[PDB]
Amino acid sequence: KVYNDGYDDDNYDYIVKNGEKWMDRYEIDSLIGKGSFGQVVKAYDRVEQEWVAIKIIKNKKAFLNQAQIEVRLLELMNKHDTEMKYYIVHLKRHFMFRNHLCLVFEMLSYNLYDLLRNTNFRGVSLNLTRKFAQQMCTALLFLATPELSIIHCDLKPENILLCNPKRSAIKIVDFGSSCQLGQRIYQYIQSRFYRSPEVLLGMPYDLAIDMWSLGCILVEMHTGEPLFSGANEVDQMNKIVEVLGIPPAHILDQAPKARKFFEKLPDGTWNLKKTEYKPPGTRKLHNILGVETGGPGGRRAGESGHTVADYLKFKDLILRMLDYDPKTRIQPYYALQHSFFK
């Protein structure tokens, strides 16, 4: 009949109501988010006199525990002194309310997928993309702090929100999937479009996966379409090979799931399993970005800072981010010194 005295529903989470007032402080406006973890709502803090986004976790043990892990992480980040902290979303405070866990975040604006949908999926200028890229590389540089060593494990355009609708400042949200570096416990991680090959191949992984995701994002921010948009993992790997080529033999010799996509020939060489696709490595990123053809689809022809040189810097950096070897993949600190950011 009723659950938690009629406050929750079938899915253990709070039924939000327009204009409801909590604890004589927070004033609920409207639902803005919904996920497996629970719900996200827009509200007005009366004490700080400001708008905040509150994360209400479901009324279950599991979700509560996960949320507590996440809270510990956020608090851990907020305790560090560097300005690099200001690219991670800020957890002002947290509390319990009617058997629910509530996380108080600063209210942010649109996520990047919204913007992309506003361009009719044509992407944005390279000048803006440079700014986004810079800030993101800074954030990943912060998360790599020895005492932190945090892997976001779920970087996608909808997890990057604007601070202000009229400024190019962004921030990273939802650290529920988050992970501090350590021994492997999970193997089905990251979003499918942004899942690093070492994960697709069932191999050990570190922070280098985030970088991979970032590489898939920036290009998508300029073209409007996902770089690799496979319906499944096979299609995904095929689409990654289609652009970057078949992985190094020394990589595939280590990969347990290597034979999910490949087969080993009698001469030791690896080849794709047939299931559609271009020959490996003939979908050149050079042609995808339209370096010498006036940008993606020729819609950036004649625009400021859209010369061949700029596109070549960009392409070099992106190819440094999509390195197959996690050991040789470009690191944030060196990424911030690229000619792209001059």
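Note that residue numbering follows the sequence shown and begins at 1. Between two forms, the rigid core is the largest collection of C-alphas that superpose within 1.5 Å.
- Structural divergence in 9 other deposited structures of this protein between 98 to 106 and 162 to 170: following superposition by the core, 98 to 106 has C-alpha atoms lying farther from the shown form.
- Averaged over structures and residues, the CA distance from the shown form in 9 other deposited structures of this protein after a core fit is larger for 52 to 60, of the two stretches 304 to 312 and 52 to 60.
- Coordinates are absent for 4 to 9 residues of the deposited sequence placed between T275 and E276.
- Annotation for 143 to 151 versus 75 to 83: the higher mean temperature factor (C-alpha) is found in 75 to 83.
- A summary of the deposited B-factors shows that, of 203 to 211 and 257 to 265, the stretch with the larger mean C-alpha value is 257 to 265.
- The top Cα temperature factor in the record, among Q68, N287, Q39, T282, falls on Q39.
- Ranked within its chain, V16 lands in the highest third, by CA B factor from the PDB record.
- When the modelled residues of the chain are ordered by C-alpha B-factor, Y113 sits in the middle third.
- Ranked against the other modelled residues of its chain, the C-alpha B-factor of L312 as given in the entry falls in the middle third.
- In the PDB entry, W22 places in the highest third of its chain by CA B-factor.
- When the modelled residues of the chain are ordered by their C-alpha B factor, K55 lands in the lowest third.
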